[PDB]
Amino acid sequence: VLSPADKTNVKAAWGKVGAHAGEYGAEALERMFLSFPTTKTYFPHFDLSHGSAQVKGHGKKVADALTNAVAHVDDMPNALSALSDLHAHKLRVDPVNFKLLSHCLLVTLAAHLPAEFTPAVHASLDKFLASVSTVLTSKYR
């Protein structure tokens, strides 16, 4: 459950990503596939080599989905319903993988936006990514 301060922190921190969206999303995926190789088993059809156009395109889609979640932070089950049907019903992603990607996104933000990644902002982003993760792994339609 996000606090009002959590929502302000998430809107401000994720707002600093802006046009870097795709780059941060692609780097988080790259970090995930290298650090936790079992995550690669969900993407057998992807070219996963460094500078892969497919990972770059996917990174943009993931980051744009998070931007959409921020734009509907009080109505995420409704706003993310199609993504939930994809990850929960179709792909059957184990919830552990969402913890891994969420962690890799935080690492990416810490490395490239250090002034924004304060302890309070880190706590708010962790809660936001955990809330998005529960929505994407739940069957509620």
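Heads up, when I say rigid core I mean the largest set of C-alphas that superpose within 1.5 Å between the two forms. Just count from 1 along the sequence shown to find any residue number.
Core-fitted comparison in 6 other deposited structures of this protein shows that, between 82-90 and 30-38, the CA atoms farther from the shown form belong to 82-90. Comparing 4-12 with 132-140 by root mean square Cα distance to the shown form in 6 other deposited structures of this protein, with the rigid core used for the fit, gives 132-140 as the more displaced stretch. The deposited model assigns a higher average Cα B-factor to 45-53 than to the other stretch when 58-66 and 45-53 are compared. Taking only CA atoms, the mean B-factor in the PDB entry is higher for 109-117 than for the other of 96-104 and 109-117. Per the deposited record, the Cα B-factor of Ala88 falls in the middle third when ranked against the other modelled residues of its chain. Sort the chain's modelled residues by C-alpha temperature factor and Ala79 lands in the highest third, per the entry.
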